[PDB]
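Below is one structure, written out as structure tokens; the observations come after it.
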RNA sequence: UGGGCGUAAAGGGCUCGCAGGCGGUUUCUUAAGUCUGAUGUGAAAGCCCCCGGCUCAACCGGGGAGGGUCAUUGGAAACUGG
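Protein chains in written order, with the deposited numbering: chain l, 2 to 132; chain i, 2 to 166; chain X, 6 to 229; chain h, 2 to 200.
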């Protein structure tokens with residue numbers, strides 16, 4: 002029953018990849034907009050734009066698509082989940098899908114990519130992996 | 002893909018062969034079934050399932066069927082670029098990148114198609130059903146799944162080869 | 006290049022049978038039948054025009070599939086005008102895929118055609134030549150289009166992909182690009198160069214195959 | 002343990018003249034035993050594994066546990082596995098001895114080491130398996146310089162390995178540098194020998 | 001980490017509900033969990049790393065590494081908790 006908005010947004014983007022619609026809407030949160038900005042930096046998605054309406058919402062996300070068909074992301078998963086806490090020391094963080102994939106790791110400094118996290122040497126909760 | 006050209010001869014090493022029987026009124030007709038796979042050891046691999054009453058006919062049908070299809074099989078640093086999981090027919094298989102000295106590590110026929118890949122090293126493990134056919138179809142569906150990280154980097158405008166490795 | 010006036014009577018076709026995936030091609034509902042968006046037709050026919058213009062320089066052969074009633078009548082005249090090979094009635098299985106067996110078929114046609122005049126007649130007993138003659142009559146209709154081809158086509162035309170979805174599946178089984186008109190009940194994904202327009206009308210196939218045959222005759226006109 | 006059989010027959014089991022290289026094989030092209038006139042049958046994969054390992058083994062004559070020891074100790078080493086493994090096999094004293102041309106075959110060279118004919122850094126070493134540190138000298142020792150067999154070995158000429166150097170006038174030579182894999186050309190694959198020990 | 005439960009073993013007959021588990025968004029605060037530095041200890045031997053010594057090896061030794069929901073203390077506020 003709406004147990005976690007972020008995992009919900011992840012099944013939103015994965016189903017969106019499955020249905021190949023140009024865009025979809027999600028309810029607002031700064032936690033959501035920040036990591037969405039991280040995906041905006043990674044470039045897997047073309048654009049994200051919020052549209053205010055009382056109270057929360059509503060962000061509209063535009064999926065990017067390749068020049069030669071093919072899904073831009075071959076996989077996406079949220080290792081973190083309620084009822085099973087997870088933690089990661091700064092040196093312990095995996096480099097998923099080797100050099101292509103990037104971690105989405107919330108830290109005390111904020112959400113960070115695994116490269117930026119390795120540079121900052123800052124540990125934190127691992128929100129999700131995208132590849 | 003695009004397309005599937007077949008312009009290079011191969012030794013065409015065999016992976017499996019087995020007799021098969023079918024009941025018919027007045028007896029039991031026999032037909033053989035043999036799987037054979039092709040690979041140039043230049044990063045191209047294909048598969049061929051050929052059944053026939055006669056063994057040369059079966060292996061040659063497997064040859065033409067192997068000729069019918071090929072896989073791009075990406076290979077960065079003389080090894081598969083990234084780890085993958087591949088279930089098929091309740092036949093999962095895991096593959097991982099390995100150190101150059103590690104050598105090829107797999108089951109039989111999947112080691113055969115990997116030798117056809119020409120790759121000098123690999124981690125691999127069978128899961129679920131042990132039958133060779135689904136192991137080959139899954140391993141090669143996984144090879145088809147494989148793509149260079151540099152290729153995906155070409156697909157989008159970020160930077161060439163982000164993370165080191 | 007096709008003009009809008011040529012599209013002026015060709016608007017609309019199927020309803021109820023429509024595939025959702027082609028909804029982008031659809032403009033709006035009316036009465037019952039959906040109306041196709043004409044501008045998108047102008048774009049796809051434009052790209053098809055540049056593409057067909059590109060094939061003529063290659064010298065590549067093209068197939069003209071045709072099976073349906075009140076549509077097959079046009080492709081015959083358009084093919085006789087183009088000089089290109091064609092299909093009059095129902096497509097036979099494996100004519101594209103089997104290749105060599107069909108080559109044996111046209112070889113048999115060429116053989117019996119020689120049997121008509123070399124003097125095979127008035128030698129064999131009459132019942133046998135009467136049987137083989139009717140068999141040749143069975144040959145000429147199905148093979149009248151096969152007589153002009155031997156190599157696998159660089160591309161193939163189709164009057165209705167849903168009728169030919171298995172043959173289209175064969176061309177996809179190969180690597181051959183597929184030009185062809187597409188209805189709302191048909192799936193666009195099977196055809197790399199769709200032509201969203203009606204086909205059940207004789208004029209519907211007629212004008213499109215006319216503009217295509219004109220583009221081919223014009224592109225081939227340079228020769229040299 | 003080691004030697005006790007024909008050994009030449011073992012090379013016949015290989016089908017390859019290594020080692021070698023002086024085995025003729027051509028004198029009896031057929032495989033050893035009654036089945037040799039008949040066409041060869043393809044070996045089972047694991048049987049090909051053991052055949053490959055054994056094929057690498059006969060040139061050295063090394064014991065199973067010792068060869069396995071050099072193996073896993075080589076694998077413990079960082080870097081290329083087959084390179085460190087082959088150079089570990091090449092680090093053995095008796096291999097440097099036979100490659101130095103002191104003997105027609107490695108086994109008698111091991112016997113000459115067992116006699117202690119061969120000094121290391123001017124010091125006698127009766128153990129064939131002794132590790133070869135770079136820059137160490139290898140000689141016939143002054144007491145043993147005069148022997149008909151040793152001179153019979155010295156009189157024969159052969160091309161020197163790049164990693165070693167030698168002078169017959171001094172009857173002495175040394176291990177100048179660690180061998181490259183490119184320098185040696187074993188008939189055996191190394192990916193296959195590392196393949197055998199999968200676990 | 002690393003399996004399931006339509007028909008192979010396997011969804012409780014159904015429901016009400018304590019304990020328990022989980023739980024929308026905005027803002028501030030707290031620093032429990034968490035992240036990080038420093039300190040104390042986690043014996044030696046042994047395992048691992050680089051070397052030395054019994055003729056090599058086993059065996060033996062030098063330094064380093066390794067190992068705690070560990071303890072003490074200074075910070076980080078995004079997440080979870082108050």
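Ideal placement from N, C-alpha and C gives every residue a C-beta, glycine not left out.
Query, Result
"Residue range of the beta strand (DSSP E) that includes residue 125(i)", "124-127"
"Backbone secondary structure at residue 82(X) - three-state DSSP", "helix"
"Residue 1(X) - containing alpha helix (DSSP H), residue span", "Only positions 6 to 229 of chain X appear in this structure, which leaves residue 1(X) out of reach."
"Cutoff 8 Å: residue 21(l) Cβ touching any chain i Cβ", "no"
"Test: residue 67(i) CB closer than 8 Å to a CB of chain h", "no"
"Given 8 Å, three or more beta-carbon pairs between the segment 211-223 of chain X and the segment 69-89 of chain X", "yes"
"Interface positions of the segment 34-49 of chain l facing chain i (Cβ-Cβ less than 8 Å), listed along the chain", "43, 44, 45"
"Proximity below 8 Å, CB of residue 27(l) to CB of residue 47(l)", "no"
"Neighbourhood of residue 76(h) by C-beta, 6 Å cutoff - its chain only, sequence neighbours within 5 removed", "82"
"Other residues of its chain near residue 155(h): CB distance less than 7 Å, five sequence neighbours each side excluded", "169, 172"
"Under the three-state DSSP convention, the category residue 60(l) falls into", "strand"
"Continuous beta strand (DSSP E) assignments of at least 3 residues falling wholly in the segment 180-205 of chain X", "184-187, 198-201"
"Exposure of residue 196(h), with buried meaning 16 or more beta-carbon neighbours within 10 Å", "buried"
"Assigned exposure category for residue 203(X) - 16 Cβ within 10 Å defines buried", "buried"
"Distance between residue 39(X) and residue 73(X) (C-alpha atoms, nearest Å)", "22 Å"
"Contact list for the segment 143-165 of chain i against chain l, Cβ threshold 7 Å", "150, 153, 156, 157, 158, 159, 162, 163, 164, 165"
"Near-chain i residues of the segment 77-89 of chain h - C-beta to any C-beta below 8 Å", "80, 81, 82, 83, 84, 85"
"Beta-carbon gap between residue 47(X) and residue 200(X) smaller than 8 Å", "no"
"Cross-chain neighbours of residue 96(l) in chain i, by beta carbon under 8 Å", "164, 166"
"Exposure of residue 176(h), with buried meaning 16 or more beta-carbon neighbours within 10 Å", "buried"
"Per DSSP, cross-strand counterpart(s) of residue 76(h)", "Answer by DSSP bridge pairing: none, since residue 76(h) is not bridged."
"Contact the segment 154-169 of chain X vs the segment 149-162 of chain i: 3+ CB pairs below 8 Å", "no"
"Test: residue 25(i) CB closer than 8 Å to a CB of chain h", "no"
"Beta-carbon contacts of residue 117(h) that lie in its chain and below 6 Å, excluding the five residues immediately before and after", "125, 127"
"Chain h contacts made by the segment 109-120 of chain i, where a contact means CB separation under 7 Å", "109"
"CB of residue 52(i) within 8 Å of CB of residue 59(i), strictly", "yes"
"Distance between residue 18(i) and residue 30(l) (C-alpha atoms, nearest Å)", "59 Å"
"Min CB distance residue 101(i) to chain h below 8 Å", "yes"
"Cross-chain neighbours of residue 64(l) in chain i, by beta carbon under 7 Å", "Correct list: empty, because the minimum Cβ distance to chain i is about 12 Å."
"Closest Cα partner of residue 102(l) within the set 119(l), 130(l), 10(l)", "130(l)"
"CB contact check: residue 199(h) to chain i, cutoff 8 Å", "yes"
"For residue 19(X) and residue 190(X), believed in contact at Cβ under 8 Å, the rounded distance", "5 Å"
"Which listed residue (71(l), 60(l), 59(l)) has its alpha carbon closest to that of residue 21(l)", "71(l)"
"Within chain l, the residues that residue 75(i) reaches when beta carbons sit closer than 8 Å", "The contacting residues do not exist; residue 75(i) stays about 11 Å from chain l at best."
"Residue 241(h) in three-state terms, based on DSSP", "Residue 241(h) cannot be examined here, being either before or after the span of chain h that is shown, 2 to 200."
"From 166(i), 139(i), 80(i), 46(i), residue whose alpha carbon lies closest to that of residue 91(i)", "139(i)"
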